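Before any comments, here is the structure.
Each chain gets a letter, A, B and so on, in the order its sequence line appears, and its residues count up from 1.
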Amino acid sequence: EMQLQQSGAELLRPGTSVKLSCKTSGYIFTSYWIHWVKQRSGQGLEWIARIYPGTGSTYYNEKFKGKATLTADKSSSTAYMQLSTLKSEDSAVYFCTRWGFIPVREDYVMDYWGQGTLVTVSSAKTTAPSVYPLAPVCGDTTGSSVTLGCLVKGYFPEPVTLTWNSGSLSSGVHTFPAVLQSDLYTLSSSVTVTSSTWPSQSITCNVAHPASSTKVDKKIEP
Amino acid sequence: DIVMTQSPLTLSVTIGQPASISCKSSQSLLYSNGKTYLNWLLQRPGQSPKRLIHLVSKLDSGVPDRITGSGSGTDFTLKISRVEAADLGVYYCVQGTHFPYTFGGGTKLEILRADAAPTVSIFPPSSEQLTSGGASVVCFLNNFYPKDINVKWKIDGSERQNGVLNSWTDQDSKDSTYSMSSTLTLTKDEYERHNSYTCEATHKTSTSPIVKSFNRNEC
Ligand SMILES: O=[N+]([O-])c1ccc(O)cc1
Ligand SMILES: [Zn+2]
Ligand SMILES: [Zn+2]
Ligand SMILES: [Zn+2]
Ligand SMILES: [Zn+2]
Ligand SMILES: [Zn+2]
Ligand SMILES: [Zn+2]
Ligand SMILES: [Zn+2]
């Protein structure tokens with residue numbers, strides 16, 4: 001089973017550089033081209049470059065020459081892409097992919113992709129989030145079912161990890177995308193349970209902000 | 001570089017109906033060896049892109065033959081014969097005939113379903129927050145369809161437009177609905193100076209605004 005594992009999210013200062021990694025497994029690393037693709041703001045994809053690890057041969061999209069440098073370590077089966085002197089346009093999600101084209105057969109093998117690495121170019125400082133429990137009063141949805149919430153605010157940068165009852169509770173939960181405002185993000189999540197469950201059994205909101213090493217569990221009390 | 005134009009930008013289809021996407025290129029995609037390197041990808045919500053078709057009409061392994069591709073030259077079309085729930089996402093055409101490789105802008109496919117009125121919930125500031133000197137009032141508008149909705153906050157009968165932060169979810173693949181969150185943040189002092197806080201929505205499913213409120217007071 002093929003697997004491309006990419007490095008974690010990065011917060012970079014303007015003018016500096018980063019090296020992203022793409023660890024592969026499940027196939028002969030030296031026999032296929034590895035491509036790197038960039039996705040900005042959402043639906044906006046660009047092809048950067050490709051490398052054949054077997055020989056170290058690379059080709060770049062003119063736009064990216066001098067911006068990106070690809071390497072590959074055959075001994076660890078890891079492909080790297082270094083991005084230099086970062087500026088505004090470099091904030092994006094980068095994907096590595098074993099595209100699968102076989103020139104000699106003029107046909108393709110299945111494409112496998114990494115999960116993506118998010119890069120944030122900013123000089124703004126890291127801030128831990130405040131987690132607030134949201135118990136109903138009007139947002140009780142009366143009887144039958146009730147909805148609880150979790151408010152995560154004032155953190156930088158993304159991402160934050162939010163779960164309910166340590167992952168046990170995954171149904172009826174809605175986690176909203178974080179929104180940036182005044183150099184800080186805000187995120188919220190709601191969970192709908194039957195009147196019979198809460199407050200009878202405890203519902204807990206779990207939040208983690210890796211960038212600041214923050215891990216907090218908030219219990220929704222009435 | 002070759003410019004790839006996709007139309008439409010978004011399509012709403014009911015499960016079971018056919019859907020087709022167009023992709024036009026600025027140069028012929030016929031390579032000198034006589035092959036045409038036009039691919040179609042699907043990027044599902046929160047997932048990496050995945051190739052569906054290569055060489056204009058050849059399906060990748062594991063792709064349902066409900067999906068079909070056709071065209072030549074500068075005009076190409078992707079057709080889904082029967083739309084299913086798993087088809088939700090953004091479709092892109094990518095050309096590998098000319099260097100550098102270029103992608104089209106994408107076409108978002110959304111599942112058209114029956115109208116659904118929002119389930120609204122309102123939450124006053126938590127004790128913990130008030131303590132810190134801040135106050136956020138949160139309102140959840142869950143599981144509605146269509147996505148088009150308008151929410152305004154009102155305090156003691158007057159619209160408040162400052163301190164509002166809205167966020168929306170993408171279309172849910174379990175019921176094809178959307179959810180949205182609206183948070184109004186004030187200082188603790190101002191919060192404790194007003195009586196009524198109202199979350200008011202405008203949606204197709206009602207000729208009158210959908211309302212949820214609470215009166216903060218004491219005791
Ligand atoms: O996205 N990719 O990795 C690609 C896309 C098109 C292509 O011809 C080669 C690679
Ligand atoms: Zn093939
Ligand atoms: Zn050319
Ligand atoms: Zn040519
Ligand atoms: Zn007033
Ligand atoms: Zn007054
Ligand atoms: Zn007032
Ligand atoms: Zn007053």
### Message
More than 12 heavy atoms of other residues, nucleotides or ligands under 6.0 Å from NZ of A:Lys67: yes or no?
### Response
yes
### Query
By a 4.5 Å heavy-atom criterion (distance strictly below it), what part of A:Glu106 contacts chain B: side chain, backbone, both, or neither?
both
### Query
Using non-hydrogen atoms only, which part of A:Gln181 is less than 4.5 Å away from chain B: side chain, backbone, both, or neither?
side chain
### Query
Hey, does the side chain of B:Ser179 reach the backbone of A:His174 with a donor-acceptor pair shorter than 3.5 angstrom?
no
#### Entry: Selection from A:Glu62, A:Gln115, A:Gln39 maximising heavy-atom pairs under 4.5 Å formed with chain B
A:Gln39
### Expected output: side-chain A:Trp113 to main-chain B:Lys50 donor-acceptor under 3.5 Å
no
### side chain to side chain contact (heavy atoms under 4.5 Å, CB included) between A:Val37 and B:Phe103, worked out
CA-CA 11 Å; A:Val37 171; B:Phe103 297 78; 4.1 Å; yes
#### Entry: A:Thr97 versus chain B, the contacting section by heavy-atom distance below 4.5 Å
neither
### Task
With a 4.5 Å cut-off on heavy-atom pairs, point out which of B:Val120, B:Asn33, B:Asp60, B:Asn142 contacts chain A the most.
B:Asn142
### Task
Determine, using ring centers only, whether B:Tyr101 and A:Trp99 are less than 6.0 Å apart.
no
### Message
Just so I understand: if I count every heavy-atom pair under 4.5 Å between each of B:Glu128, B:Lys58, B:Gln47, B:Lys108 and chain A, which residue has the most?
### Response
B:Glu128
#### Entry: Contact class of A:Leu151 relative to chain B, heavy atoms under 4.5 angstrom
side chain
### Query
Tell me, side chain or backbone of A:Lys153 under 4.5 Å from chain B's heavy atoms, or both, or neither?
side chain
### Task
Heavy atoms only, distances under 4.5 angstrom: which of A:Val131, A:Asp140, A:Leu187, A:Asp111 has the most pairs with chain B? Name it, please.
A:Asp111
#### Entry: Interface residues of residues 211-219 of chain B facing chain A - heavy atom cut-off under 4.5 Å
B:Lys212, B:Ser213, B:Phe214
### Query
In terms of heavy-atom pairs under 4.5 Å, which option from A:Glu46, A:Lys63, A:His35 contacts chain B the most?
A:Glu46
### Message
Can you tell me which of A:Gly44, A:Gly100, A:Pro133 forms the most heavy-atom pairs within a distance under 4.5 Å of chain B?
### Response
A:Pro133
### Query
Hey, does the side chain of B:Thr169 reach the backbone of A:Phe176 with a donor-acceptor pair shorter than 3.5 angstrom?
no
#### Entry: Region of A:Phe95 that comes under 4.5 Å of a non-hydrogen atom in chain B
side chain
### Summary
When the 4.5 angstrom heavy-atom criterion is applied to A:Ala135 and chain B, the contacting part is backbone
### Task
Mind ranking B:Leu41, B:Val94, B:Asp170, B:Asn143 by heavy-atom pairs under 4.5 Å with chain A and telling me who comes out on top?
B:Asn143
### Task
Take A:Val137 and B:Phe123 through the test side chain to side chain contact (heavy atoms under 4.5 Å, CB included) and record every step on the way to the result.
CA-CA 7 Å; A:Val137 71; B:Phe123 308 87; over 6 Å; no
### Task
Applying side chain to side chain contact (heavy atoms under 4.5 Å, CB included), run through B:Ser48 and A:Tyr112 and close with a yes or a no.
CA-CA 9 Å; B:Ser48 299; A:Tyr112 287 97; over 6 Å; no
### Task
Kindly determine whether A:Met110 and B:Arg51 satisfy side chain to side chain contact (heavy atoms under 4.5 Å, CB included), including the steps that lead there.
CA-CA 8 Å; A:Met110 182 166 163; B:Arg51 189 176 60 234; 5.7 Å; no
### Task
Go through the atoms of A:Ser130 and report whether side chain, backbone, both or neither lie under 4.5 Å from a heavy atom of chain B.
neither
